[PDB]
């Protein structure tokens, strides 16, 4: 099926997911001089104090940490959003080299990686219903640059050896995702899509201006994961990012001057 290689990557996806060429696809380049400050945008409310992590999983395209979303334990509100969005999972996209790996870009600049915290609108009852709605999901995107280590990331990095190949999972309870955020919650926002198939146009994107720093040793451990399942020819999980898509009839708004 679909992937990130030459024969199944982003340029092929439209043949099975024709919405790949749609009117509100993600990611996009964020042109900082064209984004407009919107004084009506409220501060984001990230309420992760009661988060309950469950498992960490290599899904063949990234690794993800999943959460109990059966109650309002870890929620995102405010910002551009109406109502309450529950945290379902987080995952990353990264490169083979430090100069590439992010999905969104800022004035064409690519970061080494990008963290996505995926939330769904509780008014739709479950995530499967939410992905069929134009305001069903909210993804909080955070850029990673290489510099000093991120201490809140280390517990993730230390377990990646146990989920090297596609399909492997491990217990990952008591993880606090608040340790993955930067200091500032200043953000850009625009309406978009999932960045992997099915590419559904159901996402309010919230992309933080301030990157987090991670160490070279931390990102190197991302790059030792495998796209393949156990026993298959080893293909390193690197460059699992979709490039920027046409902005079309959309305006990116900034929460800050």
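Residue numbers count along the first chain shown, from 1.
Here 146-154 and 114-122 are compared by their mean Cα B-factor, and 146-154 comes out higher. For the pair 211-219 and 35-43, the record assigns the higher mean C-alpha temperature factor to 35-43. As recorded in the entry, 170 carries the highest CA temperature factor of 181, 170, 131, 106. Split the chain's modelled residues into thirds by C-alpha temperature factor. Residue 192 is in the lowest one. In this PDB entry, residue 67 carries a Cα temperature factor that places it within the middle third of its chain's modelled residues. Ranked against the other modelled residues of its chain, the C-alpha B-factor of residue 239 as given in the entry falls in the lowest third. When all modelled residues of the chain are sorted by CA temperature factor, residue 74 is found within the highest third. Sort the modelled residues of the chain by CA B factor and residue 138 lands in the lowest third.
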